[PDB]
Amino acid sequence: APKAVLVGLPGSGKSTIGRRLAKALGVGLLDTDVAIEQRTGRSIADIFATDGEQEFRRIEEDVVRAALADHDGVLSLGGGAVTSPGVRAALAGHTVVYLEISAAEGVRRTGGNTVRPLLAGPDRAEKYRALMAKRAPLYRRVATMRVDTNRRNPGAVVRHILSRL
Ligand SMILES: Nc1ncnc2c1ncn2[C@@H]1O[C@H](COP(=O)(O)OP(=O)(O)O)[C@@H](O)[C@H]1O
Ligand SMILES: [Cl-]
Ligand SMILES: [Cl-]
Ligand SMILES: [Cl-]
Ligand SMILES: [Cl-]
Ligand SMILES: [Cl-]
Ligand SMILES: [Cl-]
Ligand SMILES: [Mg+2]
Ligand SMILES: [Pt+2]
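Its PDB header names X-ray crystallography as the technique used to obtain the model and reports a resolution of 1.80 Å.

Have a look at this one:
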């Protein structure tokens, strides 16, 4: 099982804390989005456009289930994975770290146009707040550890987790 599975909104730090936490532990980081693009060969966007939500989530759950069983390092879960009941079920029993972030800080951490589908240019703040209202209850439901990252620098978040593992 993974040493830790990181979940949270876009910009909460899943990729960043994931990479840094994995390095600290001397283990590897597996990003479900990356695993999906490498399993299929197509990009996230392409899968959504062609196949669409339902098909994506299905491929995603499949990748997530294999990761939870085969990966022993740090696992960073795609932000919408928890919307799938099957994923929430698969997570039961694992160490799940919910990286919490405010909407104001979250929207600002993701302003780099690093490909944020759900956060289209027009009124990103409103969209981000809506995303939070929808996803937060789910992250809270699957989390075994909650970590506020609002005023904590990345290294502090990593040390916080490391000390609790
Ligand atoms: N604790 C933090 N303090 C300051 N900036 C952070 C922190 N965590 C993440 N960030 C920054 O916010 C951006 C989004 O981080 P990222 O790991 O890609 O988030 P996610 O994978 O959850 O979408 C990155 O540029 C990252 O360096
Ligand atoms: Cl995300
Ligand atoms: Cl399973
Ligand atoms: Cl590993
Ligand atoms: Cl299960
Ligand atoms: Cl909000
Ligand atoms: Cl909130
Ligand atoms: Mg990520
Ligand atoms: Pt909120």
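Now, onward.
Participant: Could you clarify how one ought to interpret the packing of helix 2 (residues 32-40) against helix 4 (residues 53-70) in this entry?
Facilitator: Between two packed helices, both the angle of their axes relative to each other and the distance between the axes serve to describe the pair. The N-to-C vectors of helix 2 and helix 4 enclose an angle of 110 degrees; their axes lie 10 Å apart at closest approach. Taken together, the axes of helix 2 and helix 4 are roughly perpendicular relative to one another. Each of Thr32, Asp33, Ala35, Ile36, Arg39 and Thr40 in helix 2 lies in contact with helix 4, whose residues at this interface are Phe56, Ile59, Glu60, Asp62, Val63, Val64 and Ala66. Residue classes in the contact of helix 2 with helix 4 are distributed as seven nonpolar, two polar and four charged.

Participant: I'm lost on the pairing of strand 1 (residues 4-7) in this one. Help?
Facilitator: Every other side chain in a regular strand lies on the same face of the sheet, so the side chains alternate between the two faces. By the alternation rule, side chains of strand 1 split into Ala4 and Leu6 and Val5 and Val7, which are all buried. Of the strand pairs in this sheet, strand 1 and strand 3 (residues 74-76) are connected by three bridges, and their pairing is parallel. Residue pairing across strands places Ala4 opposite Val74, the latter belonging to strand 3. As paired strands, strand 1 and strand 4 (residues 96-100) are joined by three bridges and run parallel to one another. When the sheet's bridge partners are listed, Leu6 is paired in strand 4 with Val97.

Participant: Where do I start with the packing of helix 1 (residues 14-25) against helix 8 (residues 154-164) in this structure?
Facilitator: Close contact between helix 1 and helix 8 brings their axes to 10 Å; oriented N to C, the two are set at 55 degrees. Taken together, helix 1 and helix 8 sit at an angle that is classed as oblique. In the packing of helix 1 onto helix 8, the handedness of the crossing is right-handed. Judged by residue contacts, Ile17, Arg20, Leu21, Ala24 and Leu25 of helix 1 engage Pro154, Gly155, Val157, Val158, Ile161 and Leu162 from helix 8. Tallied by class, the residues present in the contact of helix 1 with helix 8 amount to nine nonpolar, one polar and one charged.

Participant: Before we go on, may I ask you to explain a positive patch on the surface in this structure?
Facilitator: Among the surface-exposed residues, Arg19, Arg20, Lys23 and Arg159 lie close enough to one another that they form a single positively charged patch. Examining the composition of the positive patch, we find that three residues originate from one element, helix 1, more than from any other. By the secondary structure assignment, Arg19 is in helix 1.

Participant: Explanation requested: the UniProt feature "binding site: ATP" in the protein chain in the structure shown.
Facilitator: UniProt records the feature "binding site: ATP" at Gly11, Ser12, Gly13, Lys14, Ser15, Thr16, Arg116 and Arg152, using the numbering of this structure. In sequence the annotated residues extend across 142 residues, and in space they extend as well, their farthest C-alpha pair lying 23.1 Å apart. Residue placement: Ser15 occurs in helix 1. Given a relative accessible area of 42%, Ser15 falls into the partly exposed group. If near-sequence neighbours (up to four positions away) are discounted, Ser15 is found in contact with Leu29, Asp31 and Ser76. Among the secondary structure elements, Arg116 is positioned in the loop between helix 6 (103-109) and helix 7 (124-142). In contact with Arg116, other than residues within four places in its own chain, are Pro10, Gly11 and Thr110.

Participant: How do you make sense of helix 7 when you look at a structure like this?
Facilitator: Since one α-helical turn is 3.6 residues long, residues separated by three or four positions face the same way. Helix length check: helix 7, at 19 residues, gives a terminal C-alpha distance of 26 Å against a target of 27 Å (1.5 Å per residue), a fit within 8%. Among all positions in helix 7, only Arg124, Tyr128, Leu131, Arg135, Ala136, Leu138, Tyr139 and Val142 are buried. Looking at the buried side of helix 7, the elements it contacts are strand 1, helix 4, helix 5 (85-91), strand 4 and helix 6.

The rules behind these values
- Residues numbered from 1 in each chain as written, not as in the entry; some residues may be left out.
- Chains lettered and ligands numbered in written order.
- Heavy atoms only, no water.
- Residues with missing side-chain atoms left out of burial classes, pairs and counts.
- Axes fitted to C-alpha atoms, helices over the stretch in contact; angles between N-to-C directions.
- Helix = DSSP H or I, 4+ residues; strand = E, 2+ residues; numbered from the N terminus.
- Parallel < 35°, antiparallel > 145°, perpendicular 65-115°, else oblique.
- Contact = heavy atoms within 4.5 Å.
- Nonpolar A, V, L, I, M, F, W, Y, C, P; charged D, E, K, R; others polar.
- Buried < 20%, exposed > 50% of the residue type's maximum accessible area, 1.4 Å probe, protein only.
- Pairing = 2+ DSSP bridges.
- Left-handed = near helix turned anticlockwise from the far one by under 90°.
- Patch = residues over 30% accessible without salt bridge, like charges linked within 9 Å, V, L, I, M, F, W, Y side chains within 5 Å.
- Areas by Shrake-Rupley, 256 points an atom, 1.4 Å probe, with all protein chains shown as cover.
- Salt bridge = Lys/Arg side-chain N within 4 Å of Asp/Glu carboxyl O.
- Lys, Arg positive; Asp, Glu negative; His and termini not counted.
- Charge placed at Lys NZ, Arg CZ, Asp CG, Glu CD.
- UniProt positions renumbered as here; feature names shortened; annotations may be inferred.
- Expected span 1.5 Å × (residues − 1).

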